[PDB]
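Enquirer: The structure file work.cif (mmCIF, C-alpha atoms and all ligand atoms) is provided below.
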```cif
data_run
loop_
_atom_site.group_PDB
_atom_site.id
_atom_site.type_symbol
_atom_site.label_atom_id
_atom_site.label_comp_id
_atom_site.auth_asym_id
_atom_site.auth_seq_id
_atom_site.Cartn_x
_atom_site.Cartn_y
_atom_site.Cartn_z
ATOM 1 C CA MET A 1 1.445 14.632 -2.563
ATOM 2 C CA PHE A 2 -1.498 12.293 -2.575
ATOM 3 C CA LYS A 3 -4.693 11.978 -0.645
ATOM 4 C CA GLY A 4 -4.242 8.446 0.640
ATOM 5 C CA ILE A 5 -7.673 7.593 -0.686
ATOM 6 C CA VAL A 6 -7.279 4.499 -2.883
ATOM 7 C CA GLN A 7 -8.877 4.909 -6.356
ATOM 8 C CA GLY A 8 -9.043 1.228 -7.359
ATOM 9 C CA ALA A 9 -7.333 -2.156 -7.014
ATOM 10 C CA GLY A 10 -4.813 -3.396 -9.599
ATOM 11 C CA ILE A 11 -4.026 -7.142 -10.028
ATOM 12 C CA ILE A 12 -0.376 -8.175 -10.412
ATOM 13 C CA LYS A 13 -0.270 -9.900 -13.836
ATOM 14 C CA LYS A 14 3.492 -10.400 -14.262
ATOM 15 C CA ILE A 15 6.646 -10.360 -12.103
ATOM 16 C CA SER A 16 10.147 -10.442 -13.677
ATOM 17 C CA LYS A 17 13.174 -10.555 -11.421
ATOM 18 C CA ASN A 18 16.576 -9.346 -12.804
ATOM 19 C CA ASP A 19 19.413 -8.362 -10.359
ATOM 20 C CA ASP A 20 18.034 -6.662 -7.168
ATOM 21 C CA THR A 21 15.277 -5.262 -9.407
ATOM 22 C CA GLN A 22 11.825 -6.596 -10.278
ATOM 23 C CA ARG A 23 9.431 -5.492 -12.983
ATOM 24 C CA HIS A 24 5.747 -5.763 -11.982
ATOM 25 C CA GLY A 25 3.087 -5.663 -14.720
ATOM 26 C CA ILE A 26 -0.174 -4.683 -13.053
ATOM 27 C CA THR A 27 -3.671 -4.951 -14.573
ATOM 28 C CA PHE A 28 -5.447 -1.596 -14.015
ATOM 29 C CA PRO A 29 -9.124 -0.568 -14.028
ATOM 30 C CA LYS A 30 -10.082 1.515 -17.076
ATOM 31 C CA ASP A 31 -10.584 4.815 -15.333
ATOM 32 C CA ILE A 32 -7.215 4.715 -13.583
ATOM 33 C CA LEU A 33 -5.663 3.309 -16.800
ATOM 34 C CA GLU A 34 -6.952 6.402 -18.759
ATOM 35 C CA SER A 35 -5.377 8.715 -16.193
ATOM 36 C CA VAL A 36 -1.799 7.384 -16.569
ATOM 37 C CA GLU A 37 0.971 7.313 -19.230
ATOM 38 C CA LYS A 38 4.662 6.308 -19.391
ATOM 39 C CA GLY A 39 6.400 8.486 -16.832
ATOM 40 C CA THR A 40 3.447 8.872 -14.518
ATOM 41 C CA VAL A 41 4.521 8.874 -10.896
ATOM 42 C CA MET A 42 1.667 7.356 -8.861
ATOM 43 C CA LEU A 43 1.080 5.381 -5.657
ATOM 44 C CA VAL A 44 1.121 1.602 -5.622
ATOM 45 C CA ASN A 45 0.416 0.225 -2.129
ATOM 46 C CA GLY A 46 1.220 3.778 -0.987
ATOM 47 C CA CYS A 47 4.667 3.763 -2.678
ATOM 48 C CA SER A 48 5.733 6.312 -5.372
ATOM 49 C CA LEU A 49 6.686 4.409 -8.472
ATOM 50 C CA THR A 50 7.114 5.444 -12.097
ATOM 51 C CA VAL A 51 5.230 3.908 -14.990
ATOM 52 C CA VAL A 52 7.903 2.516 -17.390
ATOM 53 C CA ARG A 53 5.509 1.072 -19.956
ATOM 54 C CA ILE A 54 1.886 0.128 -20.696
ATOM 55 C CA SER A 55 0.538 -2.606 -22.875
ATOM 56 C CA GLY A 56 -3.236 -2.783 -23.064
ATOM 57 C CA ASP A 57 -4.608 -2.630 -19.519
ATOM 58 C CA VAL A 58 -1.221 -3.789 -18.066
ATOM 59 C CA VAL A 59 0.925 -1.114 -16.433
ATOM 60 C CA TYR A 60 4.568 -1.883 -15.607
ATOM 61 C CA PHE A 61 6.850 -0.475 -12.893
ATOM 62 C CA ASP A 62 10.478 -1.335 -12.117
ATOM 63 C CA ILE A 63 11.010 -1.880 -8.423
ATOM 64 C CA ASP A 64 14.641 -1.178 -7.756
ATOM 65 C CA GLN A 65 15.177 1.822 -5.426
ATOM 66 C CA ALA A 66 12.186 0.605 -3.309
ATOM 67 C CA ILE A 67 13.098 -3.133 -3.438
ATOM 68 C CA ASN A 68 14.510 -3.577 0.107
ATOM 69 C CA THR A 69 12.149 -1.217 1.982
ATOM 70 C CA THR A 70 8.697 -2.182 0.606
ATOM 71 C CA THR A 71 6.585 -5.344 0.304
ATOM 72 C CA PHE A 72 7.022 -5.630 -3.498
ATOM 73 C CA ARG A 73 9.723 -8.420 -3.168
ATOM 74 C CA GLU A 74 7.235 -10.715 -1.517
ATOM 75 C CA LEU A 75 4.159 -10.111 -3.707
ATOM 76 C CA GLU A 76 2.938 -12.712 -6.210
ATOM 77 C CA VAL A 77 0.991 -12.832 -9.483
ATOM 78 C CA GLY A 78 -2.749 -12.496 -8.642
ATOM 79 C CA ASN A 79 -2.203 -10.203 -5.605
ATOM 80 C CA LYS A 80 -4.337 -7.048 -5.406
ATOM 81 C CA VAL A 81 -2.540 -3.734 -4.975
ATOM 82 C CA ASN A 82 -3.953 -0.318 -4.152
ATOM 83 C CA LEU A 83 -3.708 2.416 -6.742
ATOM 84 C CA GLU A 84 -3.820 6.163 -6.503
ATOM 85 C CA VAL A 85 -3.022 8.755 -9.230
ATOM 86 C CA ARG A 86 -1.771 12.154 -7.944
ATOM 87 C CA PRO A 87 -4.386 14.874 -7.605
ATOM 88 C CA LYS A 95 -4.029 15.464 6.660
ATOM 89 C CA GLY A 96 -4.129 12.769 5.669
ATOM 90 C CA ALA A 97 -1.764 13.632 2.781
ATOM 91 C CA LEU A 98 0.751 11.004 1.741
ATOM 92 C CA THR A 99 4.101 11.550 0.086
ATOM 93 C CA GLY A 100 4.640 8.017 -1.234
ATOM 94 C CA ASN A 101 7.886 7.647 0.724
ATOM 95 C CA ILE A 102 7.350 4.354 2.579
ATOM 96 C CA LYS A 103 8.906 4.566 6.055
ATOM 97 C CA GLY A 104 8.776 0.866 6.920
ATOM 98 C CA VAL A 105 7.313 -2.569 6.312
ATOM 99 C CA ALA A 106 4.989 -3.615 9.123
ATOM 100 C CA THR A 107 3.292 -6.977 9.618
ATOM 101 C CA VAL A 108 -0.409 -7.607 10.219
ATOM 102 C CA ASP A 109 -0.809 -9.120 13.717
ATOM 103 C CA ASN A 110 -4.558 -9.977 13.553
ATOM 104 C CA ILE A 111 -7.489 -9.158 11.265
ATOM 105 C CA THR A 112 -11.012 -9.354 12.683
ATOM 106 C CA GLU A 113 -13.894 -9.274 10.248
ATOM 107 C CA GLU A 114 -17.325 -8.139 11.478
ATOM 108 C CA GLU A 115 -20.496 -7.364 9.852
ATOM 109 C CA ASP A 116 -19.600 -3.813 8.664
ATOM 110 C CA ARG A 117 -15.993 -3.373 9.945
ATOM 111 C CA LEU A 118 -12.531 -4.741 9.359
ATOM 112 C CA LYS A 119 -10.503 -4.512 12.568
ATOM 113 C CA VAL A 120 -6.804 -4.547 11.699
ATOM 114 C CA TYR A 121 -3.904 -4.895 14.147
ATOM 115 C CA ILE A 122 -0.486 -4.115 12.760
ATOM 116 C CA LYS A 123 2.926 -4.723 14.324
ATOM 117 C CA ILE A 124 4.907 -1.526 13.565
ATOM 118 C CA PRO A 125 8.783 -1.501 13.160
ATOM 119 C CA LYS A 126 10.428 -0.463 16.414
ATOM 120 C CA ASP A 127 12.229 2.461 14.782
ATOM 121 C CA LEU A 128 8.794 4.078 13.995
ATOM 122 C CA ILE A 129 6.821 3.582 17.266
ATOM 123 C CA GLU A 130 8.249 6.511 19.309
ATOM 124 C CA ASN A 131 6.522 9.021 16.996
ATOM 125 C CA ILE A 132 3.085 7.371 16.792
ATOM 126 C CA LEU A 133 0.150 8.164 19.171
ATOM 127 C CA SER A 134 -3.508 7.006 19.057
ATOM 128 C CA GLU A 135 -5.519 9.266 16.791
ATOM 129 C CA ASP A 136 -2.500 10.048 14.512
ATOM 130 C CA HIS A 137 -3.207 9.463 10.841
ATOM 131 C CA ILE A 138 -1.091 6.726 9.220
ATOM 132 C CA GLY A 139 -0.837 5.369 5.671
ATOM 133 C CA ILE A 140 -1.119 1.560 5.355
ATOM 134 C CA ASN A 141 -0.566 0.412 1.747
ATOM 135 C CA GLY A 142 -1.641 3.900 0.685
ATOM 136 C CA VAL A 143 -4.831 4.075 2.777
ATOM 137 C CA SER A 144 -4.580 7.007 5.160
ATOM 138 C CA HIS A 145 -6.781 6.647 8.235
ATOM 139 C CA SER A 146 -6.576 7.367 11.938
ATOM 140 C CA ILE A 147 -5.233 4.968 14.533
ATOM 141 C CA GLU A 148 -7.810 3.867 17.117
ATOM 142 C CA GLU A 149 -5.188 2.643 19.643
ATOM 143 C CA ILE A 150 -1.504 1.784 20.063
ATOM 144 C CA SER A 151 -0.247 -0.588 22.713
ATOM 145 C CA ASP A 152 3.536 -1.155 22.518
ATOM 146 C CA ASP A 153 4.359 -1.913 18.878
ATOM 147 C CA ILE A 154 0.795 -2.916 17.813
ATOM 148 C CA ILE A 155 -1.552 -0.430 16.216
ATOM 149 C CA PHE A 156 -5.308 -0.843 15.833
ATOM 150 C CA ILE A 157 -7.140 0.576 12.816
ATOM 151 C CA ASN A 158 -10.877 0.051 12.424
ATOM 152 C CA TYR A 159 -11.823 0.189 8.734
ATOM 153 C CA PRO A 160 -15.319 0.282 7.215
ATOM 154 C CA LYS A 161 -15.718 -3.029 5.411
ATOM 155 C CA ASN A 162 -16.890 -1.244 2.180
ATOM 156 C CA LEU A 163 -13.297 -0.111 1.733
ATOM 157 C CA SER A 164 -12.722 -3.605 0.353
ATOM 158 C CA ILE A 165 -14.394 -2.921 -2.975
ATOM 159 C CA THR A 166 -11.860 -0.247 -3.958
ATOM 160 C CA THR A 167 -8.729 -1.586 -2.074
ATOM 161 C CA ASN A 168 -6.691 -4.771 -1.129
ATOM 162 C CA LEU A 169 -7.662 -4.625 2.540
ATOM 163 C CA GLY A 170 -10.012 -7.662 2.237
ATOM 164 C CA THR A 171 -7.032 -9.748 1.024
ATOM 165 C CA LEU A 172 -5.004 -9.232 4.235
ATOM 166 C CA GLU A 173 -4.354 -11.848 6.942
ATOM 167 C CA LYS A 174 -2.009 -12.369 9.866
ATOM 168 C CA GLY A 175 1.567 -12.328 8.596
ATOM 169 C CA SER A 176 0.707 -10.088 5.676
ATOM 170 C CA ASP A 177 3.397 -7.450 5.351
ATOM 171 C CA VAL A 178 2.261 -3.897 4.517
ATOM 172 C CA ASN A 179 3.954 -0.647 3.534
ATOM 173 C CA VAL A 180 3.604 2.009 6.243
ATOM 174 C CA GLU A 181 3.964 5.766 5.869
ATOM 175 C CA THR A 182 4.146 7.717 9.121
ATOM 176 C CA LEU A 183 2.946 11.341 8.777
ATOM 177 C CA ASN A 184 3.876 14.841 10.138
HETATM 178 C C1 LIG A 201 9.101 10.739 -8.074
HETATM 179 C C2 LIG A 201 9.305 9.382 -7.428
HETATM 180 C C3 LIG A 201 9.349 8.252 -8.238
HETATM 181 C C4 LIG A 201 9.822 7.029 -7.798
HETATM 182 N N1 LIG A 201 9.848 5.960 -8.686
HETATM 183 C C5 LIG A 201 10.329 4.742 -8.262
HETATM 184 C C6 LIG A 201 10.364 3.621 -9.077
HETATM 185 O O1 LIG A 201 9.729 3.552 -10.140
HETATM 186 N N2 LIG A 201 10.904 2.461 -8.595
HETATM 187 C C7 LIG A 201 11.364 2.378 -7.300
HETATM 188 O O2 LIG A 201 11.820 1.343 -6.861
HETATM 189 N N3 LIG A 201 11.320 3.470 -6.512
HETATM 190 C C8 LIG A 201 10.815 4.644 -6.958
HETATM 191 N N4 LIG A 201 10.814 5.708 -6.095
HETATM 192 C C9 LIG A 201 11.367 5.482 -4.702
HETATM 193 C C10 LIG A 201 10.330 4.849 -3.743
HETATM 194 O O3 LIG A 201 9.197 5.678 -3.612
HETATM 195 C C11 LIG A 201 11.015 4.739 -2.380
HETATM 196 O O4 LIG A 201 12.159 3.934 -2.584
HETATM 197 C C12 LIG A 201 10.157 4.140 -1.243
HETATM 198 O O5 LIG A 201 8.940 4.794 -1.092
HETATM 199 C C13 LIG A 201 10.663 4.717 0.064
HETATM 200 O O6 LIG A 201 11.624 3.898 0.556
HETATM 201 P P1 LIG A 201 13.171 4.410 0.742
HETATM 202 O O7 LIG A 201 13.343 5.799 1.348
HETATM 203 O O8 LIG A 201 13.628 3.282 1.634
HETATM 204 O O9 LIG A 201 13.840 4.375 -0.622
HETATM 205 C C14 LIG A 201 10.302 6.910 -6.501
HETATM 206 C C15 LIG A 201 10.291 8.046 -5.657
HETATM 207 C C16 LIG A 201 9.786 9.276 -6.128
HETATM 208 C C17 LIG A 201 9.845 10.521 -5.276
#
```
Now that the file is in, can you turn its structure into structure tokens?
Expert:
Amino acid sequence: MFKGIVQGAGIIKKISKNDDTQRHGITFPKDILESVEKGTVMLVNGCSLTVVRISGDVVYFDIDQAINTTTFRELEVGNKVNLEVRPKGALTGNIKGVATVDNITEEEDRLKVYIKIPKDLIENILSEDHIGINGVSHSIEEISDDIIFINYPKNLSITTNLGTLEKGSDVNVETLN
């Protein structure tokens, strides 16, 4: 299990597609880079994936088991992804659905994010529950029907991909408890 506190942002450097599988090469920050090796199981946008190789600061993962139930299929070279190495709140790295951002509102110190949750998940989500969105675990301010409202501190953008999100952005969600 993981904290759901993002350690740093990686940048997708390469994507190779070969038969309902994709290999993503992701440029890592040095500290996170020094904490991983081939075989490391870590969180990428909140999803458990296994490091299959490393070349320089580029860390590669094969997306195959996760390919139909995560946002990886739709990501592009240059996209930022959240990273967390394994040490509530606590995230397992089993993504429960792909949700879509409904609205992002930027204010002076906050990022107000509204996310349309898959219908199959909404019956077990109340306001004030913790939820993982791309591996950031934070509480829900409100839910009305299938839309959840999370109010993030804007400073979270220096260590995460939250500042890159807009309406229509898909996200990995992990429901807790
Ligand atoms: C130890 C661990 C390592 C995993 N490594 C990968 C992997 O490298 N590639 C992948 O596609 N899925 C991997 N998975 C599976 C994804 O985490 C999983 O498919 C996704 O979170 C949850 O979606 P699912 O239940 O629809 O499969 C791993 C799971 C675990 C527990």
Enquirer: Once 6 Å is added on each side, what are the centre and the three edge lengths, in Å to one decimal, of the axis-aligned box enclosing the listed atoms of ligand LIG 201 (chain A)? Present them as JSON.
Expert:
```
{"center_x": 11.4, "center_y": 6.0, "center_z": -4.3, "size_x": 16.9, "size_y": 21.4, "size_z": 23.8}
```
Enquirer: Report the distance between atom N1 of ligand LIG 201 (chain A) and CA of residue 96 in chain A in Å, rounded to one decimal place.
Expert: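 Interatomic distance, atom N1 of ligand LIG 201 (chain A) to CA of residue 96 in chain A: 21.2 Å.
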Enquirer: List every residue of chain A that has an atom at most 12 Å from any atom of ligand LIG 201 (chain A), giving for each one its closest atom pair and the distance in Å to one decimal, counting all atoms listed in the file, sorted by chain and then by ascending residue number, as CSV.
Expert:
```
residue,atom,partner,partner_atom,distance
A:1,CA,A:LIG201,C17,9.7
A:2,CA,A:LIG201,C17,11.8
A:20,CA,A:LIG201,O2,10.1
A:21,CA,A:LIG201,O2,7.9
A:22,CA,A:LIG201,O2,8.6
A:23,CA,A:LIG201,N2,9.2
A:24,CA,A:LIG201,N2,10.3
A:38,CA,A:LIG201,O1,10.9
A:39,CA,A:LIG201,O1,9.0
A:40,CA,A:LIG201,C3,8.6
A:41,CA,A:LIG201,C3,5.5
A:42,CA,A:LIG201,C3,7.8
A:43,CA,A:LIG201,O3,8.4
A:44,CA,A:LIG201,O3,9.3
A:45,CA,A:LIG201,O5,9.7
A:46,CA,A:LIG201,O5,7.8
A:47,CA,A:LIG201,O5,4.7
A:48,CA,A:LIG201,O3,3.9
A:49,CA,A:LIG201,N1,3.5
A:50,CA,A:LIG201,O1,3.8
A:51,CA,A:LIG201,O1,6.6
A:52,CA,A:LIG201,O1,7.5
A:53,CA,A:LIG201,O1,11.0
A:59,CA,A:LIG201,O1,11.8
A:60,CA,A:LIG201,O1,9.3
A:61,CA,A:LIG201,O1,5.7
A:62,CA,A:LIG201,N2,5.2
A:63,CA,A:LIG201,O2,3.7
A:64,CA,A:LIG201,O2,3.9
A:65,CA,A:LIG201,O2,3.7
A:66,CA,A:LIG201,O4,3.4
A:67,CA,A:LIG201,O2,5.8
A:68,CA,A:LIG201,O8,7.1
A:69,CA,A:LIG201,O8,4.7
A:70,CA,A:LIG201,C12,6.7
A:71,CA,A:LIG201,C12,10.3
A:72,CA,A:LIG201,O2,9.1
A:73,CA,A:LIG201,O2,10.6
A:86,CA,A:LIG201,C1,11.0
A:98,CA,A:LIG201,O5,10.7
A:99,CA,A:LIG201,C17,7.9
A:100,CA,A:LIG201,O5,5.4
A:101,CA,A:LIG201,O5,3.5
A:102,CA,A:LIG201,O5,4.0
A:103,CA,A:LIG201,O6,6.2
A:104,CA,A:LIG201,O8,7.6
A:105,CA,A:LIG201,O6,9.7
A:139,CA,A:LIG201,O5,11.9
A:141,CA,A:LIG201,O5,10.8
A:142,CA,A:LIG201,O5,10.8
A:179,CA,A:LIG201,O5,8.7
A:180,CA,A:LIG201,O5,9.5
A:181,CA,A:LIG201,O5,8.6
A:182,CA,A:LIG201,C13,11.6
```
Enquirer: As an exercise, work out the distance from CA of residue 15 in chain A to CA of residue 57 in chain A in Å and give it to one decimal place.
Expert: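 About the pair CA of residue 15 in chain A and CA of residue 57 in chain A: they are 15.5 Å apart.
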Enquirer: When you draw a straight line from CA of residue 172 in chain A to CA of residue 157 in chain A, how long is it in Å?
Expert: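 Distance between the two atoms: 13.2 Å.
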Enquirer: Could you spell out the hits of the PyMOL selection byres (((chain A and resi 124-134) around 6) and not hetatm) on the shown file, as a PDB file with C-alpha atoms, in the frame of the given file?
Expert:
```pdb
ATOM      1  CA  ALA A 106       4.989  -3.615   9.123  1.00  0.00           C
ATOM      2  CA  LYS A 123       2.926  -4.723  14.324  1.00  0.00           C
ATOM      3  CA  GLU A 135      -5.519   9.266  16.791  1.00  0.00           C
ATOM      4  CA  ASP A 136      -2.500  10.048  14.512  1.00  0.00           C
ATOM      5  CA  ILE A 147      -5.233   4.968  14.533  1.00  0.00           C
ATOM      6  CA  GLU A 148      -7.810   3.867  17.117  1.00  0.00           C
ATOM      7  CA  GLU A 149      -5.188   2.643  19.643  1.00  0.00           C
ATOM      8  CA  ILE A 150      -1.504   1.784  20.063  1.00  0.00           C
ATOM      9  CA  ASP A 153       4.359  -1.913  18.878  1.00  0.00           C
TER      10      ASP A 153
END
```
Enquirer: Using all atoms listed in the file, tabulate the residues of range 61-121 of chain A lying at most 12 Å from any atom of range 28-37 of chain A, each with its closest atom pair and that distance in Å to one decimal, by chain and increasing residue number, as JSON lines.
Expert:
```
{"residue": "A:61", "atom": "CA", "partner": "A:37", "partner_atom": "CA", "distance": 11.6}
{"residue": "A:80", "atom": "CA", "partner": "A:28", "partner_atom": "CA", "distance": 10.3}
{"residue": "A:81", "atom": "CA", "partner": "A:28", "partner_atom": "CA", "distance": 9.7}
{"residue": "A:82", "atom": "CA", "partner": "A:28", "partner_atom": "CA", "distance": 10.1}
{"residue": "A:83", "atom": "CA", "partner": "A:32", "partner_atom": "CA", "distance": 8.0}
{"residue": "A:84", "atom": "CA", "partner": "A:32", "partner_atom": "CA", "distance": 8.0}
{"residue": "A:85", "atom": "CA", "partner": "A:32", "partner_atom": "CA", "distance": 7.3}
{"residue": "A:86", "atom": "CA", "partner": "A:35", "partner_atom": "CA", "distance": 9.6}
{"residue": "A:87", "atom": "CA", "partner": "A:35", "partner_atom": "CA", "distance": 10.6}
```
Enquirer: Residues at most 10 Å from residue 165 in chain A, counting all atoms listed in the file, excluding those fewer than 5 positions away in the same chain, as number ranges by chain?
Expert: A: 8-9, 170
Enquirer: Which residues, named as in the file, does the PyMOL selection byres (((chain A and resi 184) around 9) and not hetatm) pick out? Answer as a PDB file with C-alpha atoms, in the coordinates of the input.
Expert:
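The file below, out-v5.pdb, is the result:
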```pdb
ATOM      1  CA  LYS A  95      -4.029  15.464   6.660  1.00  0.00           C
ATOM      2  CA  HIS A 137      -3.207   9.463  10.841  1.00  0.00           C
ATOM      3  CA  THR A 182       4.146   7.717   9.121  1.00  0.00           C
ATOM      4  CA  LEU A 183       2.946  11.341   8.777  1.00  0.00           C
TER       5      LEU A 183
END
```
Enquirer: Going by the chain IDs and residue numbers used in this file, which residues fall under the PyMOL selection byres (((chain A and resi 115) around 12) and not hetatm)? Write them as a list in words.
Expert: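 For this structure, the PyMOL selection byres (((chain A and resi 115) around 12) and not hetatm) captures residues 112, 113, 114, 116, 117, 118, 119, 159, 160, 161 and 162 of chain A.
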Enquirer: Please identify all polymer residues within 7 Å of residue 174 in chain A, counting only C-alpha atoms, omitting same-chain residues fewer than 2 positions from it, and present them as number ranges by chain.
Expert: A: 108-111, 176
Enquirer: My list of candidates is A:146, A:156, A:74, A:79. Which is closest to residue 177 in chain A when distances are computed with all atoms listed in the file?
Expert: A:74
Enquirer: Would you fill the gaps in range 66-82 of chain A so it has N, CA, C and O atoms, then print it as a short mmCIF file (atom, residue, chain, number, x, y, z; two decimals), in the frame of the given file?
Expert:
```cif
data_model
loop_
_atom_site.label_atom_id
_atom_site.label_comp_id
_atom_site.auth_asym_id
_atom_site.auth_seq_id
_atom_site.Cartn_x
_atom_site.Cartn_y
_atom_site.Cartn_z
N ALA A 66 13.10 0.96 -4.42
CA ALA A 66 12.19 0.60 -3.31
C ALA A 66 12.31 -0.85 -2.85
O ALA A 66 11.64 -1.27 -1.89
N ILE A 67 13.15 -1.63 -3.53
CA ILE A 67 13.10 -3.13 -3.44
C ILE A 67 13.36 -3.73 -2.03
O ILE A 67 12.87 -4.81 -1.71
N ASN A 68 14.13 -3.04 -1.21
CA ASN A 68 14.51 -3.58 0.11
C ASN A 68 13.74 -3.00 1.28
O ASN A 68 13.94 -3.44 2.40
N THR A 69 12.86 -2.04 0.99
CA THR A 69 12.15 -1.22 1.98
C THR A 69 10.63 -1.16 1.74
O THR A 69 9.95 -0.23 2.24
N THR A 70 10.13 -2.11 0.94
CA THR A 70 8.70 -2.18 0.61
C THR A 70 8.36 -3.64 0.49
O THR A 70 9.25 -4.47 0.49
N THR A 71 7.07 -3.97 0.42
CA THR A 71 6.58 -5.34 0.30
C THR A 71 6.70 -5.94 -1.10
O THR A 71 6.46 -7.15 -1.27
N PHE A 72 7.04 -5.14 -2.11
CA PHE A 72 7.02 -5.63 -3.50
C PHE A 72 7.73 -6.98 -3.72
O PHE A 72 7.19 -7.83 -4.44
N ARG A 73 8.88 -7.18 -3.07
CA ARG A 73 9.72 -8.42 -3.17
C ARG A 73 8.94 -9.66 -2.88
O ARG A 73 9.27 -10.74 -3.35
N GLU A 74 7.92 -9.54 -2.04
CA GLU A 74 7.24 -10.72 -1.52
C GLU A 74 5.86 -10.97 -2.15
O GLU A 74 5.24 -12.03 -1.94
N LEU A 75 5.42 -10.02 -2.96
CA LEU A 75 4.16 -10.11 -3.71
C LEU A 75 4.20 -11.18 -4.82
O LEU A 75 5.26 -11.54 -5.33
N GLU A 76 3.03 -11.68 -5.20
CA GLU A 76 2.94 -12.71 -6.21
C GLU A 76 1.92 -12.36 -7.26
O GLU A 76 1.02 -11.58 -6.99
N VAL A 77 2.04 -12.96 -8.45
CA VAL A 77 0.99 -12.83 -9.48
C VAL A 77 -0.42 -13.16 -8.91
O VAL A 77 -0.58 -14.15 -8.17
N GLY A 78 -1.42 -12.34 -9.22
CA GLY A 78 -2.75 -12.50 -8.64
C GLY A 78 -3.03 -11.62 -7.41
O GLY A 78 -4.17 -11.39 -7.07
N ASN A 79 -1.99 -11.11 -6.75
CA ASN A 79 -2.20 -10.20 -5.60
C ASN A 79 -2.84 -8.88 -6.02
O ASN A 79 -2.51 -8.34 -7.10
N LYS A 80 -3.73 -8.35 -5.17
CA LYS A 80 -4.34 -7.05 -5.41
C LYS A 80 -3.46 -5.98 -4.79
O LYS A 80 -2.88 -6.16 -3.69
N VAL A 81 -3.35 -4.84 -5.49
CA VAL A 81 -2.54 -3.73 -4.97
C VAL A 81 -3.39 -2.47 -5.08
O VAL A 81 -4.23 -2.34 -5.99
N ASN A 82 -3.17 -1.55 -4.17
CA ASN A 82 -3.95 -0.32 -4.15
C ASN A 82 -3.35 0.68 -5.10
O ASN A 82 -2.14 0.78 -5.20
#
```
